[PDB]
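One structure is given here, and the rest of the page talks about it.
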Amino acid sequence: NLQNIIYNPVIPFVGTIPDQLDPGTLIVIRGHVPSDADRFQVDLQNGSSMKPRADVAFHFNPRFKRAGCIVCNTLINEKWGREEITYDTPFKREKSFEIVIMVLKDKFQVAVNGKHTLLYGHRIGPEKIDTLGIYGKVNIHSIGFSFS
Ligand SMILES: OC[C@H]1O[C@@H](O[C@H]2[C@H](O)[C@@H](O)[C@H](O)O[C@@H]2CO)[C@H](O)[C@@H](O)[C@H]1O
């Protein structure tokens, strides 16, 4: 029902993904936003190079300034594509969360706490994702996977 569970990873976290992100796969991330968070991001990456920065197939970036939002994008050759902004964000400072990223054939479907949050169409074949990055101001209790 969940495997390869990592507990209380230090952030910034970079970790190799166990198996392939095929349709049906779930990535489950449970955590808590620190009272002073400005933003954090979950990146599904092709590799872990820092300079040059590895490509990010799916950058999921809750931001907490202003009214707060979530920005989703794809980084290729150190350049960002078209941003998809979601203004209805379930993330709050000092509040805990469960993020479920479901890999569908055509898109990612993201729900927080069991409620649908956003969709993001595949720009890179998800089969090429091999690394999970979590950066910014966030406390992660656990990361887990349920493949296929
Ligand atoms: O697109 C993801 C990418 O955004 C960068 O910041 C953008 C910002 O999202 C945009 O709304 C503002 O108007 O311009 C900035 C120019 O890049 C981030 O710096 C980056 O971390 C990613 O989150």
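Identifiers in the structure tokens: chain A, B, ... in order shown; residue index from 1 per chain; ligand index from 1 in order shown.
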
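Proximal residues of ligand 1 are residues 73, 80 and 83 of chain A, by a cut-off of 6 Å on only C-alpha atoms and all ligand atoms.
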
### Task
List the neighbours of stretch 119-136 of chain A out to 10 Å using only C-alpha atoms; skip same-chain residues closer than 6 positions along the sequence, and give me the result as a ChimeraX atom specification.
/A:9-23,27,29,37-48,54-62,72-74,76,81,84,86,101-111,143

Keeping only C-alpha atoms, write the selected residues to a file as a PDB file, in the first residue's frame.
```pdb
ATOM      1  CA  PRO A   9      14.167  13.706   5.434  1.00  0.00           C
ATOM      2  CA  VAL A  10      16.346  16.746   5.948  1.00  0.00           C
ATOM      3  CA  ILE A  11      15.382  19.503   3.567  1.00  0.00           C
ATOM      4  CA  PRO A  12      16.690  20.192   0.986  1.00  0.00           C
ATOM      5  CA  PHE A  13      15.993  16.557   0.084  1.00  0.00           C
ATOM      6  CA  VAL A  14      17.247  14.883  -3.102  1.00  0.00           C
ATOM      7  CA  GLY A  15      16.485  11.190  -3.499  1.00  0.00           C
ATOM      8  CA  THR A  16      16.474   8.586  -6.239  1.00  0.00           C
ATOM      9  CA  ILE A  17      12.983   7.315  -7.046  1.00  0.00           C
ATOM     10  CA  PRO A  18      12.766   3.486  -6.516  1.00  0.00           C
ATOM     11  CA  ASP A  19      10.764   2.305  -9.592  1.00  0.00           C
ATOM     12  CA  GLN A  20       9.362   3.872 -12.769  1.00  0.00           C
ATOM     13  CA  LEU A  21       6.607   6.485 -12.633  1.00  0.00           C
ATOM     14  CA  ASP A  22       4.156   4.595 -14.824  1.00  0.00           C
ATOM     15  CA  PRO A  23       0.438   5.457 -14.999  1.00  0.00           C
ATOM     16  CA  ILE A  27       3.821   9.677  -4.785  1.00  0.00           C
ATOM     17  CA  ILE A  29       4.266  13.235   0.714  1.00  0.00           C
ATOM     18  CA  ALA A  37       7.602  29.575   5.243  1.00  0.00           C
ATOM     19  CA  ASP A  38       7.801  31.684   2.099  1.00  0.00           C
ATOM     20  CA  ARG A  39       7.639  28.765  -0.358  1.00  0.00           C
ATOM     21  CA  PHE A  40       8.602  25.159  -0.974  1.00  0.00           C
ATOM     22  CA  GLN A  41       8.685  22.894  -3.997  1.00  0.00           C
ATOM     23  CA  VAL A  42       8.403  19.226  -4.963  1.00  0.00           C
ATOM     24  CA  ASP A  43      10.365  18.533  -8.186  1.00  0.00           C
ATOM     25  CA  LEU A  44      10.182  15.379 -10.223  1.00  0.00           C
ATOM     26  CA  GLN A  45      13.606  15.540 -11.905  1.00  0.00           C
ATOM     27  CA  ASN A  46      15.726  13.864 -14.578  1.00  0.00           C
ATOM     28  CA  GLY A  47      18.884  13.424 -12.524  1.00  0.00           C
ATOM     29  CA  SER A  48      20.369  15.424  -9.689  1.00  0.00           C
ATOM     30  CA  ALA A  54      18.930  18.930 -13.853  1.00  0.00           C
ATOM     31  CA  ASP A  55      15.714  19.160 -15.832  1.00  0.00           C
ATOM     32  CA  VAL A  56      12.495  19.196 -13.829  1.00  0.00           C
ATOM     33  CA  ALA A  57       9.565  17.394 -15.499  1.00  0.00           C
ATOM     34  CA  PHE A  58       7.108  18.662 -12.823  1.00  0.00           C
ATOM     35  CA  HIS A  59       7.854  21.502 -10.445  1.00  0.00           C
ATOM     36  CA  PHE A  60       5.054  21.868  -7.843  1.00  0.00           C
ATOM     37  CA  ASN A  61       5.681  25.073  -5.938  1.00  0.00           C
ATOM     38  CA  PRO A  62       3.351  26.276  -3.177  1.00  0.00           C
ATOM     39  CA  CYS A  72       3.573  24.362 -11.664  1.00  0.00           C
ATOM     40  CA  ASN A  73       6.097  24.291 -14.513  1.00  0.00           C
ATOM     41  CA  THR A  74       8.761  22.194 -16.340  1.00  0.00           C
ATOM     42  CA  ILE A  76      14.438  22.175 -19.552  1.00  0.00           C
ATOM     43  CA  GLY A  81       8.361  26.791 -19.757  1.00  0.00           C
ATOM     44  CA  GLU A  84       0.338  27.004 -14.680  1.00  0.00           C
ATOM     45  CA  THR A  86      -3.468  27.700  -9.207  1.00  0.00           C
ATOM     46  CA  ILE A 101       0.609  12.947  -6.896  1.00  0.00           C
ATOM     47  CA  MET A 102      -1.045  10.461  -9.209  1.00  0.00           C
ATOM     48  CA  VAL A 103       0.703   9.788 -12.490  1.00  0.00           C
ATOM     49  CA  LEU A 104      -1.920   9.434 -15.209  1.00  0.00           C
ATOM     50  CA  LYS A 105      -1.270   8.570 -18.850  1.00  0.00           C
ATOM     51  CA  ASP A 106      -1.631  12.203 -19.960  1.00  0.00           C
ATOM     52  CA  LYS A 107      -1.111  14.269 -16.784  1.00  0.00           C
ATOM     53  CA  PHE A 108      -0.343  14.405 -13.094  1.00  0.00           C
ATOM     54  CA  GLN A 109      -3.401  14.659 -10.851  1.00  0.00           C
ATOM     55  CA  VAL A 110      -2.552  16.234  -7.455  1.00  0.00           C
ATOM     56  CA  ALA A 111      -4.784  16.057  -4.416  1.00  0.00           C
ATOM     57  CA  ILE A 143       7.649  10.230   1.412  1.00  0.00           C
TER      58      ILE A 143
END
```

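Taking atom CA of residue A:117 as the reference point, atom CA of residue A:2 is found at 21.4 Å.
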
### Task
Have a look at A:88, A:34, A:79, A:49 and name the one nearest to residue A:67; count only C-alpha atoms.
A:88

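Using only C-alpha atoms, the nearest neighbour of residue A:96 within the list A:115, A:66, A:51, A:141 is A:141.
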
### Query
Got a sec to tell me which of chain A DSSP assigns to strand (DSSP E or B), as a VMD selection string?
chain A and resid 3 to 7 13 to 16 26 to 32 39 to 50 53 to 63 69 to 76 79 to 80 84 to 86 96 to 103 107 to 112 115 to 121 131 to 136 139 to 146

Next, dump the selected residues to file, keeping only C-alpha atoms, as an mmCIF file, in the first residue's frame.
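Once everything was written out, this is part_8.cif:
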```cif
data_model
loop_
_atom_site.group_PDB
_atom_site.id
_atom_site.type_symbol
_atom_site.label_atom_id
_atom_site.label_comp_id
_atom_site.auth_asym_id
_atom_site.auth_seq_id
_atom_site.Cartn_x
_atom_site.Cartn_y
_atom_site.Cartn_z
ATOM 1 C CA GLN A 3 6.873 1.318 -0.105
ATOM 2 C CA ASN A 4 10.369 2.744 0.076
ATOM 3 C CA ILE A 5 9.180 5.096 2.802
ATOM 4 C CA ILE A 6 11.641 7.770 3.900
ATOM 5 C CA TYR A 7 11.014 9.451 7.275
ATOM 6 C CA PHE A 13 15.993 16.557 0.084
ATOM 7 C CA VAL A 14 17.247 14.883 -3.102
ATOM 8 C CA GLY A 15 16.485 11.190 -3.499
ATOM 9 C CA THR A 16 16.474 8.586 -6.239
ATOM 10 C CA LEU A 26 1.269 7.468 -6.532
ATOM 11 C CA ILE A 27 3.821 9.677 -4.785
ATOM 12 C CA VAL A 28 2.624 10.462 -1.247
ATOM 13 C CA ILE A 29 4.266 13.235 0.714
ATOM 14 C CA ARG A 30 3.133 14.111 4.246
ATOM 15 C CA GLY A 31 4.423 17.221 5.927
ATOM 16 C CA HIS A 32 3.920 20.497 7.739
ATOM 17 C CA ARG A 39 7.639 28.765 -0.358
ATOM 18 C CA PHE A 40 8.602 25.159 -0.974
ATOM 19 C CA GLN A 41 8.685 22.894 -3.997
ATOM 20 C CA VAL A 42 8.403 19.226 -4.963
ATOM 21 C CA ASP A 43 10.365 18.533 -8.186
ATOM 22 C CA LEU A 44 10.182 15.379 -10.223
ATOM 23 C CA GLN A 45 13.606 15.540 -11.905
ATOM 24 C CA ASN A 46 15.726 13.864 -14.578
ATOM 25 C CA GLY A 47 18.884 13.424 -12.524
ATOM 26 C CA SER A 48 20.369 15.424 -9.689
ATOM 27 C CA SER A 49 22.966 17.745 -11.221
ATOM 28 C CA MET A 50 23.045 21.093 -9.386
ATOM 29 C CA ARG A 53 20.604 22.201 -12.879
ATOM 30 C CA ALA A 54 18.930 18.930 -13.853
ATOM 31 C CA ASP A 55 15.714 19.160 -15.832
ATOM 32 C CA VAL A 56 12.495 19.196 -13.829
ATOM 33 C CA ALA A 57 9.565 17.394 -15.499
ATOM 34 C CA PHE A 58 7.108 18.662 -12.823
ATOM 35 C CA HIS A 59 7.854 21.502 -10.445
ATOM 36 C CA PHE A 60 5.054 21.868 -7.843
ATOM 37 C CA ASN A 61 5.681 25.073 -5.938
ATOM 38 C CA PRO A 62 3.351 26.276 -3.177
ATOM 39 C CA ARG A 63 4.058 29.932 -2.413
ATOM 40 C CA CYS A 69 -0.710 30.214 -4.840
ATOM 41 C CA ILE A 70 0.778 27.075 -6.381
ATOM 42 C CA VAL A 71 2.991 27.440 -9.459
ATOM 43 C CA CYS A 72 3.573 24.362 -11.664
ATOM 44 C CA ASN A 73 6.097 24.291 -14.513
ATOM 45 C CA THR A 74 8.761 22.194 -16.340
ATOM 46 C CA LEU A 75 12.518 23.135 -16.404
ATOM 47 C CA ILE A 76 14.438 22.175 -19.552
ATOM 48 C CA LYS A 79 14.907 27.296 -18.743
ATOM 49 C CA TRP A 80 11.341 27.308 -17.422
ATOM 50 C CA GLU A 84 0.338 27.004 -14.680
ATOM 51 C CA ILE A 85 -0.803 29.015 -11.611
ATOM 52 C CA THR A 86 -3.468 27.700 -9.207
ATOM 53 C CA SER A 96 -0.021 19.841 7.966
ATOM 54 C CA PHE A 97 -0.785 18.263 4.592
ATOM 55 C CA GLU A 98 -0.864 15.006 2.658
ATOM 56 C CA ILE A 99 0.002 15.472 -1.034
ATOM 57 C CA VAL A 100 -0.865 12.646 -3.412
ATOM 58 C CA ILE A 101 0.609 12.947 -6.896
ATOM 59 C CA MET A 102 -1.045 10.461 -9.209
ATOM 60 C CA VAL A 103 0.703 9.788 -12.490
ATOM 61 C CA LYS A 107 -1.111 14.269 -16.784
ATOM 62 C CA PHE A 108 -0.343 14.405 -13.094
ATOM 63 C CA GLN A 109 -3.401 14.659 -10.851
ATOM 64 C CA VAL A 110 -2.552 16.234 -7.455
ATOM 65 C CA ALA A 111 -4.784 16.057 -4.416
ATOM 66 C CA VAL A 112 -4.133 17.459 -0.964
ATOM 67 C CA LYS A 115 -9.353 16.825 -2.121
ATOM 68 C CA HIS A 116 -8.482 17.514 -5.752
ATOM 69 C CA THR A 117 -6.031 20.386 -6.139
ATOM 70 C CA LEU A 118 -4.774 20.628 -9.718
ATOM 71 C CA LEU A 119 -3.877 18.843 -12.934
ATOM 72 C CA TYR A 120 -0.615 19.232 -14.888
ATOM 73 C CA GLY A 121 -0.177 17.753 -18.393
ATOM 74 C CA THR A 131 14.759 11.834 -8.896
ATOM 75 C CA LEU A 132 12.568 13.531 -6.286
ATOM 76 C CA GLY A 133 13.614 16.879 -4.915
ATOM 77 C CA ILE A 134 11.992 18.719 -2.053
ATOM 78 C CA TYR A 135 13.376 22.185 -1.404
ATOM 79 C CA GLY A 136 12.460 25.291 0.518
ATOM 80 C CA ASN A 139 8.958 19.854 7.154
ATOM 81 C CA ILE A 140 8.458 16.429 5.579
ATOM 82 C CA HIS A 141 7.229 13.602 7.773
ATOM 83 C CA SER A 142 7.380 10.934 5.109
ATOM 84 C CA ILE A 143 7.649 10.230 1.412
ATOM 85 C CA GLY A 144 6.176 7.036 0.010
ATOM 86 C CA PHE A 145 5.432 5.398 -3.308
ATOM 87 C CA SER A 146 2.819 2.963 -4.637
#
```
